[PDB]
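The structure file model.txt is reproduced below (compact mmCIF, C-alpha atoms).
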# COMPACT_ATOMS: atom_id res chain seq x y z
CA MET B 1 -5.93 -40.71 -80.38
CA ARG B 2 -6.20 -43.99 -82.30
CA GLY B 3 -3.22 -42.86 -84.35
CA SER B 4 0.13 -44.61 -84.74
CA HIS B 5 0.46 -47.72 -82.57
CA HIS B 6 3.72 -49.48 -83.42
CA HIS B 7 6.12 -48.24 -80.75
CA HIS B 8 7.24 -49.35 -77.29
CA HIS B 9 6.75 -45.97 -75.61
CA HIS B 10 6.78 -42.79 -77.70
CA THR B 11 3.82 -41.90 -79.92
CA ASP B 12 4.63 -38.40 -81.19
CA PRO B 13 2.27 -37.35 -84.03
CA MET B 14 4.12 -34.02 -84.01
CA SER B 15 6.94 -35.80 -85.85
CA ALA B 16 4.61 -35.89 -88.87
CA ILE B 17 4.03 -32.14 -89.17
CA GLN B 18 5.75 -30.77 -92.27
CA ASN B 19 2.95 -28.46 -93.40
CA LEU B 20 1.11 -30.96 -95.60
CA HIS B 21 -1.62 -29.90 -98.05
CA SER B 22 -1.26 -26.12 -98.17
CA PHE B 23 -2.65 -25.33 -101.62
CA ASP B 24 -5.87 -26.39 -103.35
CA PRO B 25 -8.53 -24.08 -104.89
CA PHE B 26 -10.99 -26.90 -104.24
CA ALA B 27 -9.74 -27.61 -100.71
CA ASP B 28 -8.78 -25.14 -97.98
CA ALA B 29 -8.57 -22.08 -100.23
CA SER B 30 -10.56 -19.24 -101.79
CA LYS B 31 -9.67 -16.45 -104.22
CA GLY B 32 -11.82 -14.14 -106.32
CA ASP B 33 -10.71 -13.38 -109.87
CA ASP B 34 -12.49 -10.03 -109.57
CA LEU B 35 -12.49 -9.52 -105.80
CA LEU B 36 -8.89 -8.79 -104.80
CA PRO B 37 -7.46 -8.11 -101.30
CA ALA B 38 -6.58 -4.46 -101.97
CA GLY B 39 -4.98 -2.18 -104.54
CA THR B 40 -1.45 -2.19 -103.14
CA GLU B 41 0.42 -3.41 -106.23
CA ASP B 42 2.67 -5.25 -103.76
CA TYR B 43 4.87 -2.25 -103.00
CA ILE B 44 8.25 -2.50 -101.26
CA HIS B 45 8.05 -1.00 -97.77
CA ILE B 46 11.36 0.50 -96.61
CA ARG B 47 11.30 1.81 -92.98
CA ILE B 48 14.26 3.05 -90.95
CA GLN B 49 15.24 2.24 -87.36
CA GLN B 50 17.60 4.66 -85.60
CA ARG B 51 18.25 3.27 -82.11
CA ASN B 52 20.46 6.16 -81.03
CA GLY B 53 21.23 9.48 -82.72
CA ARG B 54 22.79 7.75 -85.73
CA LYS B 55 22.47 3.98 -85.24
CA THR B 56 20.10 3.77 -88.21
CA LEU B 57 19.12 0.51 -89.91
CA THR B 58 17.11 0.97 -93.11
CA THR B 59 15.14 -2.21 -93.81
CA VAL B 60 13.38 -3.47 -96.94
CA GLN B 61 10.04 -5.28 -96.82
CA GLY B 62 8.12 -6.69 -99.76
CA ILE B 63 11.14 -7.95 -101.67
CA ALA B 64 10.95 -11.54 -102.92
CA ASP B 65 13.06 -14.12 -101.10
CA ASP B 66 13.83 -15.53 -104.55
CA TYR B 67 16.04 -12.50 -105.19
CA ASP B 68 19.80 -13.02 -105.21
CA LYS B 69 20.35 -12.51 -101.47
CA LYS B 70 24.06 -12.19 -102.28
CA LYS B 71 23.91 -9.77 -105.21
CA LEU B 72 21.03 -8.12 -103.33
CA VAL B 73 22.81 -6.76 -100.25
CA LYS B 74 26.41 -7.54 -101.24
CA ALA B 75 25.97 -5.19 -104.19
CA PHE B 76 24.84 -2.51 -101.74
CA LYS B 77 28.25 -2.52 -100.06
CA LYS B 78 29.75 -2.20 -103.55
CA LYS B 79 27.63 0.75 -104.68
CA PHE B 80 27.34 2.88 -101.54
CA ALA B 81 29.85 1.00 -99.37
CA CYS B 82 27.37 0.60 -96.52
CA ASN B 83 26.71 -2.24 -94.08
CA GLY B 84 23.86 -4.36 -95.38
CA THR B 85 22.40 -7.55 -93.91
CA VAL B 86 19.45 -9.90 -94.46
CA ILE B 87 17.02 -10.44 -91.58
CA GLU B 88 13.77 -12.40 -91.45
CA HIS B 89 11.60 -10.10 -89.35
CA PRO B 90 8.57 -11.86 -87.78
CA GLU B 91 6.44 -8.71 -88.01
CA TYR B 92 7.09 -8.31 -91.74
CA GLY B 93 8.74 -11.49 -92.96
CA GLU B 94 12.08 -11.56 -94.78
CA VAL B 95 13.43 -8.00 -94.80
CA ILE B 96 16.94 -6.75 -95.56
CA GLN B 97 18.68 -4.54 -93.01
CA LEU B 98 20.93 -1.73 -94.22
CA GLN B 99 23.08 0.47 -91.99
CA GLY B 100 22.37 4.18 -91.65
CA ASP B 101 19.55 6.19 -93.22
CA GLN B 102 19.44 4.55 -96.65
CA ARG B 103 15.76 5.37 -97.22
CA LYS B 104 17.04 7.48 -100.11
CA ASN B 105 19.78 5.07 -101.21
CA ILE B 106 17.86 1.80 -100.87
CA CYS B 107 14.92 2.93 -103.00
CA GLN B 108 17.59 4.15 -105.39
CA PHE B 109 19.32 0.78 -105.09
CA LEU B 110 16.16 -1.24 -105.71
CA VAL B 111 15.81 0.69 -108.97
CA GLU B 112 19.53 0.87 -109.76
CA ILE B 113 19.87 -2.91 -109.62
CA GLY B 114 16.30 -3.72 -110.58
CA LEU B 115 15.22 -5.24 -107.28
CA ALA B 116 11.94 -3.47 -106.53
CA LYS B 117 9.71 -1.39 -108.79
CA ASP B 118 9.38 2.39 -109.09
CA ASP B 119 5.69 1.84 -108.36
CA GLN B 120 6.56 -0.30 -105.34
CA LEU B 121 8.89 2.40 -104.00
CA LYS B 122 7.45 2.54 -100.48
CA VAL B 123 9.80 4.66 -98.37
CA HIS B 124 8.69 5.22 -94.77
CA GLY B 125 11.35 7.09 -92.83
CA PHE B 126 10.72 6.57 -89.11

Using structure tokens, write down the structure that the file contains.
Amino acid sequence: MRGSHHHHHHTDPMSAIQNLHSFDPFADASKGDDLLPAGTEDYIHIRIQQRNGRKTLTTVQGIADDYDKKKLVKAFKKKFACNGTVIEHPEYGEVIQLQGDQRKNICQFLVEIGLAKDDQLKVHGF
């Protein structure tokens, strides 16, 4: 170890783990100005999840967390009057969860409010 030695009986280096140094083109990083990951244009993947024969939950993946979480979903319940929520899926990462098959309303919402982009319109009905 040879780390911190100023305690009576603890020593927990884990206490100093706040994700330090996580950005540096000249240190732990690599990006090609010409070589890009893939031509995806960062679309907005929808995807529906109908547990039963109606318990649908249209989700939205790709959207930026910077968006107005409130005006984002809250507005949904004001336009279509549907049940919308915000979930941070581990398989996708930060994805809204609408109630019922909104694959046609959400994409319409993303464009109606200006959330996603017509080019990002990635609707994938289960």

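The space separating atom CA of residue B:29 from atom CA of residue B:15 comes to 25.2 Å.
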
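Between atom CA of residue B:119 and atom CA of residue B:50 the separation is 25.8 Å.
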
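Considering only C-alpha atoms, the residue among B:62, B:25, B:114, B:100 positioned nearest to residue B:81 is B:100.
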
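Atom CA of residue B:99 is found 7.6 Å from atom CA of residue B:55.
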
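Using all atoms listed in the file, the shortest contact distance between residue B:63 and any of B:104, B:31, B:122, B:51 is found at B:122.
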
Would you list the contacts of residue B:123 as a VMD selection string, taking every protein, DNA or RNA residue within 8 Å and counting only C-alpha atoms, but skipping same-chain residues closer than 6 positions in sequence? chain B and resid 44 to 47 103 to 104 107

Which neighbours of residue B:56 fall inside 12 Å, counting all atoms listed in the file, when residues of the same chain fewer than 3 positions from it are skipped, and could you give them as a ChimeraX atom specification? /B:47-53,59,82-84,97-103,125-126

Could you write those residues out with C-alpha atoms, as a short mmCIF file (atom, residue, chain, number, x, y, z; two decimals), in the frame of the given file?
data_model
loop_
_atom_site.label_atom_id
_atom_site.label_comp_id
_atom_site.auth_asym_id
_atom_site.auth_seq_id
_atom_site.Cartn_x
_atom_site.Cartn_y
_atom_site.Cartn_z
CA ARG B 47 11.30 1.81 -92.98
CA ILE B 48 14.26 3.05 -90.95
CA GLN B 49 15.24 2.24 -87.36
CA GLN B 50 17.60 4.66 -85.60
CA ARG B 51 18.25 3.27 -82.11
CA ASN B 52 20.46 6.16 -81.03
CA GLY B 53 21.23 9.48 -82.72
CA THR B 59 15.14 -2.21 -93.81
CA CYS B 82 27.37 0.60 -96.52
CA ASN B 83 26.71 -2.24 -94.08
CA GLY B 84 23.86 -4.36 -95.38
CA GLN B 97 18.68 -4.54 -93.01
CA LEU B 98 20.93 -1.73 -94.22
CA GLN B 99 23.08 0.47 -91.99
CA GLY B 100 22.37 4.18 -91.65
CA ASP B 101 19.55 6.19 -93.22
CA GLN B 102 19.44 4.55 -96.65
CA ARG B 103 15.76 5.37 -97.22
CA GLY B 125 11.35 7.09 -92.83
CA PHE B 126 10.72 6.57 -89.11
#

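Across B:95, B:121, B:1, B:111, the tightest approach to residue B:57 is made by B:95 when counting only C-alpha atoms.
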
Excluding same-chain residues fewer than 5 positions from residue B:3, what lies within 10 Å of it counting only C-alpha atoms, as number ranges by chain? B: 11-13

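Using only C-alpha atoms, the shortest contact distance between residue B:77 and any of B:105, B:18, B:4, B:30 is found at B:105.
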
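Among the candidates B:65, B:118, B:112, B:24, the one nearest to residue B:43 when counting all atoms listed in the file is B:118.
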